[PDB]
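Below is one structure, written out as structure tokens; the observations come after it.
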Ligand SMILES: CCNc1ccc(C)nn1
Ligand SMILES: CCNc1ccc(C)nn1
């Protein structure tokens, strides 16, 4: 793994492991979202950030970078034993926060097999208070970003920026009583962003998973699920097959996530 | 990853990933059990077997290798970003089945940071009926094994071969209503052997996990948990060091699926 010649992006190769693949012997979408997370952490580490991408100002201010949205689009899931090359870079989005992008490539053919974009915001780690990002914070990471815009999804009016609606009760399909275990936590004891993807997908009928492959997934993150919390995953078909998703806490019905998935017939 | 000079063992290096570590920034025991599984799968692939290590006779006969026991003992959990080198080899145990062993090593110092041994049995995949290993099946994989004994736990009185008792109700601690999700299944849609390790450990109090580190884990596998099954994880302390007794059973009928023990030392 290394930063590119200009130092404004990072690349890494991954050999697909036996436990990382699904019933069709290709990496699951959760293995992909994990690999994006891993190359993201390695790009931050290689540029000085020893908290993910927490600058010197943020560590003292008790501020952290938090995912607001993740959008992944896959064309070909890499096979077990294959090598996948991922390129990642960060970009400032003014006071809103940062945008981290990815390009997934086949290491033998060089063809793009997928792409991802994520939108991150800054919050206080002691309270969920969303912040508008200071000008002094910006200048600390802006030196590690390209200045000319470089977007993984440059298409004006594409899937990555579309507003997601709330799932109306009753749902078509559901997977109730989901609790995270220790393997679902990160090194800071918080639930891993990838687990929520798995939970959304748990309500999809097995018949869709068996006859279709996941093409697009957009996940809006609203609130975090704590260790002792229980979750309900809801799904309704809105149509290729398209779905509407809602993650909420089993008890009060408090929203934690919302999203959509797009699937193609195998 | 490659077979050694003699072709009777396999080695592979792994860089510890950010999502693979625990609160102490070192690989979890579940990341370790997964890495053992991965190097096991790669040693079988590099020698012809590509079902895990299914011979051409096991394939026609609908026979598979299933884990009966796993024993892992760790001295140092590798840090996030560190490189761990694992060496694996398989050995025949007559008609009982095979034994697959591992040596975990630090890639910078060469020191052994852990070791593991697993005992595998032959089973008919359709009827779930166990059976002794035939001569014809044996001759197919014996060529890939060392003939002189090579044991990861060679000791005369070792923890890897001790009989585990059943946990008597009521348990001291428990973690009720555990269901596997799709990320818990392998490529054949069966529950992954590593998930059961996570389920045993879910009943351990957080105060043990925070003040102690896992040293030894022995897991006996008796029955598999199906996709739609729900599991109960039970724990009772049996003891400077903390020792526990574990029992995994199906929430419904109380059917046993796993039993084991864990050994923890104060950080
Ligand atoms: C290049 C390292 N800097 C950053 C800042 C924020 C985010 C989300 N990612 N990366
Ligand atoms: C070299 C491949 N041979 C085998 C056979 C059985 C087992 C459990 N592992 N490995």
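Don't worry about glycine lacking a Cβ; one is built from the backbone with ideal geometry, like all the others, and counts go over all protein chains shown. The values are calculated or read from the model by the stated rules, or taken from the named source; none is laboratory data.
Things to note:
- Considering residues of the range B:41-50 that are assigned to a loop (DSSP other than H, G, I, E, B) and more than 10 Å from every other protein chain (Cβ to nearest Cβ) only, the residue farthest from ligand 1 (Cβ to nearest atom): B:48
- Set side by side, the residues B:30, B:73 differ, and just one is surrounded by 17 or more Cβ atoms within 10 Å (Cβ to Cβ), away from ligand 2 (no atom under 12 Å from the Cβ) and in a strand (DSSP E or B), which is B:73.
- Scanning the range B:41-50 for residues that are surrounded by 20 or more Cβ atoms within 10 Å (Cβ to Cβ) and in contact with a helix residue (DSSP H, G or I) (Cβ under 6 Å, 6 or more places away or on another chain) returns a single hit, B:41.
- Annotation: residue A:208 fulfils all but one of (1) at positive phi; (2) part of a helix (DSSP H, G or I); the unmet one is (1).
- Filter pass, residue B:5 being more than 10 Å from ligand 2 (Cβ to nearest atom) and under 16 Å from residue B:151 (Cα atoms): no
- Among (1) closer than 27 Å to residue B:137 by Cβ; (2) in contact with a helix residue (DSSP H, G or I) (Cβ under 6 Å, 6 or more places away or on another chain); (3) surrounded by 17 or more Cβ atoms within 10 Å (Cβ to Cβ), the one test that residue B:3 misses: (3)
- Whichever residue in the range B:163-181 is buried (at least 18 other Cβ atoms within 10 Å of the Cβ) and not in a strand (DSSP E or B) and, among such residues, is nearest to the other protein chains (Cβ to nearest Cβ): B:181
- Yes/no for residue A:54 being away from ligand 2 (no atom under 16 Å from the Cβ), in a loop (DSSP other than H, G, I, E, B) and either out of contact with any strand residue (DSSP E or B) (no Cβ under 7 Å at 6 or more places or on another chain) or not assigned by TED's automatic domain parsing to the domain that holds residue A:132 (or both): no
- Hits in the range A:225-247 - residues which are surrounded by fewer than 20 Cβ atoms within 10 Å (Cβ to Cβ) and under 13 Å from residue A:199 (Cα atoms): A:230
- Of all residues in the range A:6-20, those being surrounded by 21 or more Cβ atoms within 10 Å (Cβ to Cβ) and assigned to a strand (DSSP E or B) number 2.
- Complete set of residues in the range B:1-35 that are within 12 Å of chain A (Cβ to nearest Cβ) and farther than 25 Å from residue A:191 by Cα: B:1, B:12, B:13
- Being more than 11 Å from ligand 1 (Cβ to nearest atom), more than 21 Å from the chain's Cα centre (by Cα), within 30 Å of residue A:244 (Cβ to Cβ) and assigned by TED's automatic domain parsing to the domain that holds residue A:41 is a property that does not hold for residue A:69.
- Residue B:38 vs. criteria at the interface with another protein chain (Cβ under 10 Å from one of its Cβ atoms), buried (at least 22 other Cβ atoms within 10 Å of the Cβ), more than 16 Å from ligand 1 (Cβ to nearest atom) and closer than 22 Å to residue A:182 by Cβ: no
- Test: residue B:53 is more than 10 Å from every other protein chain (Cβ to nearest Cβ), on the phi > 0 side of the Ramachandran plot and buried (at least 20 other Cβ atoms within 10 Å of the Cβ): yes
- Residues of the range A:186-209 classified as surrounded by 18 or more Cβ atoms within 10 Å (Cβ to Cβ) and either under 14 Å from residue B:181 (Cα atoms) or more than 8 Å from every other protein chain (Cβ to nearest Cβ) (or both), total: 14
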